[PDB]
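Visitor: Mind looking over this structure? Questions follow.
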Amino acid sequence: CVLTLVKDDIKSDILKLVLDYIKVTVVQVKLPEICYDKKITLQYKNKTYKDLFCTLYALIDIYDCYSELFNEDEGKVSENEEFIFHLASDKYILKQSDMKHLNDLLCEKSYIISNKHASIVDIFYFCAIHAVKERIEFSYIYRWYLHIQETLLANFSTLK
Amino acid sequence: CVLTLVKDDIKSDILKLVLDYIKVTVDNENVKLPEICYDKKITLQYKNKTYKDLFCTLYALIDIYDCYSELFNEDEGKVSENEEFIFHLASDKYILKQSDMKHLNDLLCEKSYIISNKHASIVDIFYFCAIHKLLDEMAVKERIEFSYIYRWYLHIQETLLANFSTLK
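Protein chains in written order, with full-length UniProt numbering: chain A, 2 to 29, 34 to 135, 142 to 171; chain B, 2 to 27, 30 to 171.
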């Protein structure tokens, strides 16, 4: 139903891209419509979820995408949450070493954690990372980024 | 309704203590807490929906019993702080270094609780479960070396522990 966001929020960017992920990856149904205010919230039915995580797991519940968003197939729920929690705990700021790691990790894997499809981690780090020297030095990251950008960004979303 | 847990898991203990916190902290209404079972994986079957792991079930519980404002100190506007402490902990796989202990002890110096000045927070719960293993074998001289932590732990143990938990 009603998903209130914030105009320039990395967290709101995350939620938008999550909604897009839902649209593109799971819908084959009424998504929420977006409003803007000071603080993220989600009024659904007669319940009111507040803030990002509450809203994230709320949506995840509403739309039954937990096994997808957290890669339950491969039993890598722990890895996913550990990455997104690490990122959010570092206030969504990525050191250049994390940047070079990420490239080393995207060397073999198509995505950051799953070998199959996009994860919640991919979403978080996408929004959190969103010239030429970087594009050639950190080629795997650039590829991954372009791939996510074209495959996932859709109806809501941010800049391209 | 029905909550399934795991026999030797910090995460399971966390959910137990969360239920205890709900019981103690949140007479007019006497609502039905979930019943506890033990399998190989945490779950929570409520109505006809099934929430699958620690954080899904945690936020499920938090929604059902509407204790978010207490657990995250929304009164004091310290939600972010709470989130970042428990997230830092979860990112470190609930592992606490001795380096953490000496600074955590300093953080608990004047303060009754880890983050809140009022009542126990979700942070307090997580760190309670996470240090219980590290403290139920720590010597008295050492246990007193970080005294504020000891006081806090005892506080929590006596105030929160109830029927649901099993920490000794």
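From the three backbone atoms N, C-alpha and C, an ideal C-beta is built for every residue, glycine too.
Here's a check: name, in chain order, each residue in its chain whose Cβ is nearer than 6 Å to the Cβ of A/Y153, leaving out the five neighbours to either side.
Guide: As a first step, residue 153 of chain A is located in the first sequence; it is residue number 142 there, counting from the start. Cβ within range, chain order: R146.
Visitor: Establish whether the CB of B/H135 and some CB of chain A are separated by less than 7 Å.
Guide: As a position in the second sequence, residue 135 of chain B is number 132, starting the count at 1. So no, B/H135 is outside the interface.
Visitor: Using a 10 Å radius around the Cβ and a threshold of 16 neighbouring Cβ atoms, would you call B/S13 buried or exposed?
Guide: The residue labelled residue 13 of chain B in the question sits at position 12 within the second sequence. With at least 16 other beta carbons inside 10 angstroms of its own, B/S13 counts as buried.
Visitor: Quick one: is the Cβ of B/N108 within less than 6 Å of any heavy atom of the ligand SAM?
Guide: As for the ligand SAM, it is missing from this structure, which has no ligand bound.
Visitor: Run the CB neighbour count on B/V82, radius 10 Å, all protein chains shown included, and call it buried at 16 or more, exposed below.
Guide: Residue mapping note: residue 82 of chain B aligns to position 79 of the second sequence, counting from 1. So B/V82 ends up on the buried side.
Visitor: Report yes if the CB atom of B/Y41 is closer than 7 Å to the CB atom of B/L47, and no otherwise.
Guide: On the second sequence, residue 41 of chain B is found 38 positions in, with the first residue counted as 1. On the second sequence, residue 47 of chain B is found 44 positions in, with the first residue counted as 1. No, the Cβ-Cβ distance between B/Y41 and B/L47 is not below 7 Å.
Visitor: Contact criterion: CB-CB distance below 7 Å. Does A/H106 meet it with respect to chain B?
Guide: Taking the first residue of the first sequence as 1, we reach residue 106 of chain A at position 101. Judged by the 7 Å Cβ criterion, A/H106 is not in contact with chain B.
Visitor: Determine which residues of the segment 77 to 96 of chain A have a Cβ less than 7 Å from any Cβ of chain B, and write them out in chain order.
Guide: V82, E86, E87, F90, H91, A93, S94
Visitor: At 7 Å on the CB atoms, spell out the chain B contacts of A/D109, in chain order.
Guide: Here residue 109 of chain A refers to the residue found at position 104 of the first sequence. Correct list: empty, because the minimum Cβ distance to chain B is about 19 Å.
Visitor: If we call anything under 7 Å between Cβ atoms a contact, is A/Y97 one with A/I11?
Guide: Here the question's residue 97 of chain A lines up with position 92 in the first sequence. Here the question's residue 11 of chain A lines up with position 10 in the first sequence. In this structure, A/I11 lies closer than 7 Å to A/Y97 by Cβ.
Visitor: Starting from A/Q160, trace the alpha helix (DSSP H) in both directions and tell me its first and last residue.
Guide: Locating residue 160 of chain A in the first sequence gives position 149, counting from the first residue. The continuous alpha helix (DSSP H) containing A/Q160 extends over residues 150 to 163.
Visitor: Examine chain B for any beta-carbon lying closer than 7 Å to the beta-carbon of A/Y62, and answer yes or no.
Guide: Numbered from its first residue, the first sequence carries residue 62 of chain A at position 57. Closer than 7 Å to some Cβ of chain B, the Cβ of A/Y62 qualifies, so yes.
Visitor: By how many angstroms is the C-alpha of B/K24 removed from the C-alpha of B/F75?
Guide: For the purposes of this step, residue 75 of chain B is taken as residue 72 along the second sequence, with counting starting at 1. For the purposes of this step, residue 24 of chain B is taken as residue 23 along the second sequence, with counting starting at 1. C-alpha separation (whole angstroms): 17 Å.
Visitor: Drop a sphere of 10 angstroms on the beta-carbon of B/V126, count the other beta-carbons inside from all chains shown, and report buried for 16 or more, exposed for fewer.
Guide: Locating residue 126 of chain B in the second sequence gives position 123, where the first residue counts as 1. Buried is the call here.
Visitor: Who are the near neighbours of A/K105 in its chain, counting only those whose CB is closer than 8 Å to its CB and skipping five residues on each side?
Guide: As a position in the first sequence, residue 105 of chain A is number 100, starting the count at 1. Around A/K105: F149.
Visitor: Run through DSSP, which three-state label would B/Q48 get?
Guide: Numbered from 1 along the second sequence, position 45 holds the residue referred to as residue 48 of chain B. DSSP places B/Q48 in strand when its eight states are reduced to three.
Visitor: Among residues of its own chain, excluding the 5 on either side of B/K8, which ones have a beta-carbon nearer than 8 Å to its beta-carbon?
Guide: Position 7 of the second sequence, counted from the start, is the residue given in the question as residue 8 of chain B. Exclusion of the five residues before and after B/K8 leaves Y41 as the residues of its chain whose Cβ lies within less than 8 Å of its Cβ.
Visitor: Please list, in chain order, the chain A residues whose beta carbon lies closer than 9 Å to that of B/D127.
Guide: For this step, residue 127 of chain B is matched to residue 124 along the second sequence. Per Cβ cutoff of 9 Å: no residues; B/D127 is ~17 Å from chain A at best.
Visitor: I'd like to confirm the pairing. Which residues does DSSP put opposite B/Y130 in its beta bridges?
Guide: For the purposes of this step, residue 130 of chain B is taken as residue 127 along the second sequence, with counting starting at 1. Bridge partners of B/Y130: none, in fact.
Visitor: Give, in chain order, every unbroken run of the alpha helix (DSSP H) that is at least 4 residues long and sits entirely within the segment 42 to 116 of chain B.
Guide: Fully enclosed alpha helix (DSSP H) runs of 4 or longer: 57 to 67, 71 to 74, 82 to 94, 101 to 110.
Visitor: Taking B/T169 as the reference, which of B/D21, B/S72, B/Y62, B/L4 has the closest Cα?
Guide: Numbered from 1 along the second sequence, position 166 holds the residue referred to as residue 169 of chain B. With distances taken between Cα atoms, B/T169 lies closest to B/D21.
Visitor: Name, going along the chain, the residues of the segment 45 to 62 of chain A whose beta-carbon falls closer than 8 Å to a beta-carbon of chain B.
Guide: The residues in question are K52, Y54, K55, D56, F58, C59, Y62.
Visitor: Find the nearest neighbour of A/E84 within the set B/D139, B/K121, B/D95, B/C70, judged by alpha-carbon distance.
Guide: For the purposes of this step, residue 84 of chain A is taken as the residue at position 79 of the first sequence. Among B/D139, B/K121, B/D95, B/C70, the Cα nearest to that of A/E84 belongs to B/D95.
Visitor: Hey, would you say A/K17 sits closer than 7 Å to A/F167, going by beta carbons?
Guide: As a position in the first sequence, residue 17 of chain A is number 16, starting the count at 1. As a position in the first sequence, residue 167 of chain A is number 156, starting the count at 1. Yes, Cβ-Cβ distance for A/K17 and A/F167 is below 7 Å.
Visitor: Around the C-beta of B/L111, are 16 or more other C-beta atoms found within 10 angstroms, so that it is buried, or is it exposed?
Guide: Counted from its first residue, the second sequence places residue 111 of chain B at position 108. It is buried - the Cβ of B/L111 has at least 16 other Cβ atoms within 10 Å.
Visitor: Let me check understanding here. Comparing Cα to Cα, which of A/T162, A/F58, A/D69 lies closest to A/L36?
Guide: Numbered from 1 along the first sequence, position 31 holds the residue referred to as residue 36 of chain A. Checking every option, the nearest Cα to that of A/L36 belongs to A/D69.
Visitor: Could you tell me which residues DSSP pairs with A/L4 in its beta bridges?
Guide: As a working mapping, residue 4 of chain A is identified with position 3 in the first sequence. Note: A/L4 sits in a beta bridge opposite A/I39, A/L47.
Visitor: Run through chain B and tell me which residues come within less than 7 Å of A/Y130, C-beta to C-beta.
Guide: For the purposes of this step, residue 130 of chain A is identified with residue 125 of the first sequence, where counting begins at 1. Near A/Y130 there are no residues of chain B at all, since even the closest Cβ is about 14 Å away, more than 7 Å.
Visitor: Go to A/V19, then tell me how far its alpha helix (DSSP H) extends in each direction, as first and last residue.
Guide: Locating residue 19 of chain A in the first sequence gives position 18, where the first residue counts as 1. Residues 11 to 26.
Visitor: Run through chain A and tell me which residues come within less than 8 Å of B/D66, C-beta to C-beta.
Guide: In the second sequence, residue 66 of chain B corresponds to position 63, counting from 1. Residues of chain A passing the Cβ test: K52, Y54, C59, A63.
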